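As they're listed, the protein sequences go chains A and B. Following the entry's author numbering from start to finish, the first sequence increments by one per residue and tops out at 523. For reference, each letter of the second sequence is one residue, going 2 to 431, 453 to 486, 496 to 831, 834 to 1092, 1096 to 1223, 1235 to 1265, 1276 to 1296 in the entry's author numbering. Using N, Cα and C, we set each Cβ at its ideal position, and we do this for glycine too. In what follows, a structure is listed as structure tokens, so that the remarks can point back to it.
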Amino acid sequence: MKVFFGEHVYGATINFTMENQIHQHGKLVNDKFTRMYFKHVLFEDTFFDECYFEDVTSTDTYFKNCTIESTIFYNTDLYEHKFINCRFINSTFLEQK
Amino acid sequence: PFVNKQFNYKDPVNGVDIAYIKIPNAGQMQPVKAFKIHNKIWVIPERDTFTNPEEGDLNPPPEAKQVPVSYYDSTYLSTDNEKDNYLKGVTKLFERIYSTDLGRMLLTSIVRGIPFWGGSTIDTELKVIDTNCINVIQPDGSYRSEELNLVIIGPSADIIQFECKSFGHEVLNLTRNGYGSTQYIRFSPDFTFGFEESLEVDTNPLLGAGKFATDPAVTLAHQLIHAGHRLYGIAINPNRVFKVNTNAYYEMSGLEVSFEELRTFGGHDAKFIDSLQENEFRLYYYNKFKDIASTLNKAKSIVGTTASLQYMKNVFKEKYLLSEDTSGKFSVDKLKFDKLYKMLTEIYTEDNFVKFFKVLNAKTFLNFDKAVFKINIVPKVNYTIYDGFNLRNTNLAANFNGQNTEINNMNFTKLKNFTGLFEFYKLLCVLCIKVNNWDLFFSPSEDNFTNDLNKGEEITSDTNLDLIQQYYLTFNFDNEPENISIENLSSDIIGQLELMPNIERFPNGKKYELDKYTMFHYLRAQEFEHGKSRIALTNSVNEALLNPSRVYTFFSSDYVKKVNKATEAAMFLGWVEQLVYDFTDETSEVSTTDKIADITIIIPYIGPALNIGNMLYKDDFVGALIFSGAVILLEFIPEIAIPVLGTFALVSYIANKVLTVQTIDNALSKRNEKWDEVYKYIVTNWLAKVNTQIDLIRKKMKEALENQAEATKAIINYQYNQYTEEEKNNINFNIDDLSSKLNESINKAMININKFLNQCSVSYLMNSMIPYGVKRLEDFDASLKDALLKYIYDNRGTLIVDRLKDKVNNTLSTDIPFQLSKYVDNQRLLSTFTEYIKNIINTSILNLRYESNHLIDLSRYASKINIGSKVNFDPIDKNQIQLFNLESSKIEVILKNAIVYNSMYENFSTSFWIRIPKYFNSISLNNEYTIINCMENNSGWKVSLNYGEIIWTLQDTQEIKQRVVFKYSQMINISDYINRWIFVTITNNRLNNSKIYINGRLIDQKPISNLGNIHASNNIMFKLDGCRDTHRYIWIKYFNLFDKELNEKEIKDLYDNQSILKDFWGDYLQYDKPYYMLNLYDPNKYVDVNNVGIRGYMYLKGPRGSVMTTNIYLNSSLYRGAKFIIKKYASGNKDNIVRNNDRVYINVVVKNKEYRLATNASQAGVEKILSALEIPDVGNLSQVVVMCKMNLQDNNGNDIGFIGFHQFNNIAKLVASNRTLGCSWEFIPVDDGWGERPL
Ligand SMILES: *[C@@H]1O[C@H](CO)[C@@H](O[C@@H]2O[C@H](CO)[C@@H](O[C@@H]3O[C@H](CO)[C@@H](O)[C@H](O)[C@@H]3O)[C@H](O)[C@H]2NC(C)=O)[C@H](O)[C@H]1NC(C)=O
Ligand SMILES: *[C@H]1O[C@H](CO)[C@@H](O)[C@H](O)[C@H]1NC(C)=O
């Protein structure tokens, strides 16, 4: 299990699959998750910013205490139940698989 | 089809559909041909010379009947070709009346109405009536008797006399006692009336002359309604006649109009009868149905028929809608009786058929028919099977040109009516003239109207287009009584026609001596014989009447001076252009003096034209009208008197708690009903004795203008004829263009005169009729309040208390608003009334409007209007004000130092429009801030905003705050209260209550009686104050203040008044701008493209999703789907603003490239799947769309269909088809005020 602390991911487009990770106090700014697989990865206290989620398929992933701002969730299965005590800001939720 | 197997004429005599027939008659009648056309309906191709013995000849009688128009012919119907054409036409009219659903229900009602078999002298037996059956003689030699309902026979001696007759009985009055009998309709389809209509210019300003032919379908429908009344035995007594006064010279000499005609005409005419007589008729008919039900219960036997008594009882219980409670005890219920009576009386009317058929007809029976037109109906190229004379896809469809004789002249041929133009006439002398009878005022007598107002009333514990489709849905079918076997009657069926009451011949040639000129002299002074001699215009009637060659005119002296001058060949074109321009000049003149109440357009030259009030000067007429209101127009003042309304007596149940509250509730309800009834009586009196004179004046103006044009072009042609060959050939001229332009000038003047007469009538109603009722009625309120007070204290307390006295003081101190919307239909009248009240009340305290590049007060009270530097104005429309959260984003209004009082605001109101952006910053929660202030030194009012709510605060000197709030949630899928234009108004009665209204709907009331003294602010503040947000901004427009309290009526119409199409936000829709799309029927989905092209299509997918921010807002996404852009196709307006009825093209953006929207209309099915094509498309496909609804039109002008969607299998595709919804759409411009992020 890979523990991640204090990340600053700027302008990164993600295409591959990341699995078995936890992120804490992450600051994902201007990221982009397109056509990828989320497997057993956990987000806690992470502050998103204008990230874009497209055709992302998730399994056992769970967002916790995350501040999600200005994002777009288009063509995804990240339903409401996958978010726990999360605050959205100016965000949106488009058509979902 | 209703009529299958067209029967030609020369088919054999088989015996069930074509056979020889014996009709009942007093004497002997030879076998007569006829053709069964349906169940219980027969059509006889012969002239009616058998039913009535007195009519043995077809020669016109020496004494012509008192009829406006009539034609006579003795060789008609004689030959077999005429018989075939007659029968084809009547069959076509039957199928056409059956085509419409309302007509379908009427035909079913006719079919079901078999007469009752009550002819047995013995009470307990059922016997068929001998006089309501026909003897069908078979080729073998024997005959069989058969019952039926309707017989269609060619006309009587008077050809155009279409009527209904019935065979009476010695002691039983069948037509009015619930029994009913077979009806014989004297009818012909080959002839039509020709009338004149002058109220169509509102829809078709390009209309020429009138002379419209009434659709024969409507006439047959009128005859069928007469029949339908007579089968159910509900005909009104013929001796009940709407009598008129005939003593005066201006009063029409005489004409019979029975109440049955008033009922069958319906609509406007149906209002000529008061509610009391209608109630009497309803009660009488209910009693007669109770009697027939009792007789049916008593009877237990039948003689003369094969089928069971039970079967005939079932048929009759279905016909009369009776109910049997499983015990053989028939009974009628008031609900079903009321439904049937309304269906037969109010639903089946001529007006409703005219509305459904979309054909011309006179709105009132006063518009007497003026010509006889021979027509041909058998060919389909002249009279289409569906839409009548208005054939679709042709030039005749537009503007109802089919019924216009002067266009569709090859279809109608005029005939010479045998009633003389001046056979029935009156004489007027001062120099004597004659007047035709049918061109006089209609003066109803006072006896025809009655009231039960004086009768007192006691209250006990318990006292108390669409509708056509609901009745059709509820209506029953598949139950038509089958043909029945009966024992045959004698060879000859004896019988006498129902006796008609005698009408004495009205006197002719009466002489009246007067000391003044009447308008008939003036109307005659403008006529001429178009002889060879020159005709000269003049300004003196005394010479125009005497000299046949001189014609009176009411125009200016320079005009007559010009028209009397001889001119030469080179000068004539300038002469004709000058005269047409000058004629338009007089016809277009309107007075500018508008200080008079809602007579805004006073037209002067009506005075000298018709000698109204005995002045001959335009200025004198204007002064007289200004001084005397609308009274001077009326020839005779209609007397109105409202006697004292009866008191109200309440019963008392000693020691009661909930029944007494019911007593007060019923008292209030009966108060409201009494107010409604008295308004209805006042309206019907006004319509009976005021509107007819105004209509006659309008007709006289129309014919006067036409006569003036006639004289002008007559003298012009006289001058034209003077030339030699070279002048007339070198200098061309035609009369058609002159006639067209003069007629267009007549129409533009006639619009003004029609509107003027409309405000005249409405103003007279509002001024000199309603106060008389309202004074007695408020006295009734005073007495009723006294009674309720005596009961509310009764010096005792064993009762059930401040709430009751509050309610009684509230409602019995105010007045119910008066509207004709609930009394009249005439759309023209409707508009004038409401438009008036709102337009006049506009003038108020502050009318802050931005025009002429400045924000000014049109109410000329505001002292100064300060404008801050940081305010903003909308370039597309300068009347919008945008206010920012900065100090200089301020507007100050210096209120008039006159209207500022310490204890003012006793009754007053405010109204304006606000658009609010969507709250973003969380600090704005519970952050109240004032947006509009009129509060000084802890006293005044303020409008404030907070998180999703509007607050109106009233505040007195002694700290008593009163806050009324209107709230709305931000977490909703679709909102009508965010970023949208919202009408907000506040009404205040410092005596009773403060009320809030939003866009014209009731929200909240709070008491303000505890408020004391509320000192008036010196000025008005427009500024954000205390708003912690650094980006908050507002939009407001059309702010208005009212010095008196308003009412629901004046506020609702105001909304529409202040309301060019709008977008989602309510702002003006604009050209060459992108817009998203939204259908109101399906809000949760958006639009999407697929494989664009001819094969490509638009469809509905989703869900649109959701954008939200925690504990601030949640809402579905709005910027979904491809954006739509609109650009001009043929609109000539320079600006990019769209208006109503604008034909434009529609394009859509797909991956940042533009596509036309178009479809192929030749595809099968009414649904027309639209498609997205490239800009280089083919012009054959329909792409022009008219404008919240949009309609696609073919390149030839045919409407492809309303743009909407259809559920094509599992795909919600888009269509242009010809549903209560699906025609509603909405455009979403990109708005910075909403803030959702696109991508
Ligand atoms: C959520 O979105 C809203 C609107 O989409 C954001 O509010 C907006 O914030 C911007 C940036 O400050 C404001 O722009 C301003 O423009 C003026 C004129 O150019 C400029 O002088 C200012 O310095 C500022 O840049 C914009 O007015 C403002 N809109 C509203 C309606 O307030 C908001 O910040 C986003 N985030 C949150 C948490 O709400
Ligand atoms: C995702 O994009 C990267 C960068 O262009 C590319 O190297 C990679 O092959 C893509 N992902 C997959 C799994 O193909």
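Chain-ordered chain A contacts of residue i [CB-CB under 8 Å]
i: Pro1139/B; result: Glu521
i: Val857/B; result: Per Cβ cutoff of 8 Å: no residues; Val857/B is ~53 Å from chain A at best.
Proximity test, Cβ basis, 8 Å: residue i and chain B
i: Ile515/A; result: yes
i: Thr472/A; result: no
i: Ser484/A; result: no
i: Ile440/A; result: no
i: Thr460/A; result: no
i: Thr443/A; result: no
Closer than 9 Å at the beta carbon, the chain A residues around residue i
i: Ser1027/B; result: Going along chain A, no residue has its Cβ under 9 Å from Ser1027/B, so there is no contact; the nearest lies around 39 Å.
i: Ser1153/B; result: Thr518, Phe519, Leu520
Within-8 Å CB hit, residue i to chain A
i: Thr1146/B; result: yes
i: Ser1008/B; result: no
i: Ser1092/B; result: no
i: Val1123/B; result: no
i: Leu1296/B; result: yes
i: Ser1142/B; result: yes
First and last residue of the uninterrupted alpha helix (DSSP H) at residue i
i: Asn774/B; result: 767-799
i: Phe51/B; result: No alpha helix (DSSP H) holds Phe51/B; DSSP gives it neither H nor E.
i: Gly90/B; result: 81-100
i: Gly677/B; result: Premise fails: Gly677/B is in no alpha helix (DSSP H) and is neither H nor E.
Boundaries of the beta strand (DSSP E) in which residue i is found, first to last residue
i: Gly1251/B; result: 1246-1255
i: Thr414/B; result: 414-416
i: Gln1240/B; result: 1238-1240
i: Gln995/B; result: 994-1000
i: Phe282/B; result: Segment 276-299 is the alpha helix (DSSP H) holding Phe282/B; no beta strand (DSSP E) there.
i: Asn1052/B; result: 1052-1058
i: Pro1110/B; result: 1110-1115
Bridge partners - residue i, DSSP secondary structure assignment
i: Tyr1066/B; result: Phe917/B
i: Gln447/A; result: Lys428/A, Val467/A
i: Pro69/B; result: Bridge partners of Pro69/B: none, in fact.
i: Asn1021/B; result: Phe941/B, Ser1027/B
i: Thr518/A; result: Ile498/A, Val1143/B
i: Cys134/B; result: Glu148/B
i: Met253/B; result: According to DSSP, which records beta bridges pairwise, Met253/B is partnered with nothing at all.
i: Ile1005/B; result: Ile1005/B is not bridged to any residue.
i: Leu462/B; result: Paired residue(s): none; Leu462/B is not in a bridge.
i: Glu126/B; result: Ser302/B
i: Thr483/A; result: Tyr463/A
Interface positions of the stretch 956-986 of chain B facing chain A (Cβ-Cβ less than 9 Å), listed along the chain
Correct list: empty, as no residue qualifies.
Please identify, using Cβ separations under 9 Å, the residues of the stretch 498-511 of chain A that lie next to chain B, in order along the chain.
For the stretch 498-511 of chain A, the set of residues with a beta-carbon nearer than 9 Å to any beta-carbon of chain B comprises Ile498, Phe499, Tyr500, in chain order.
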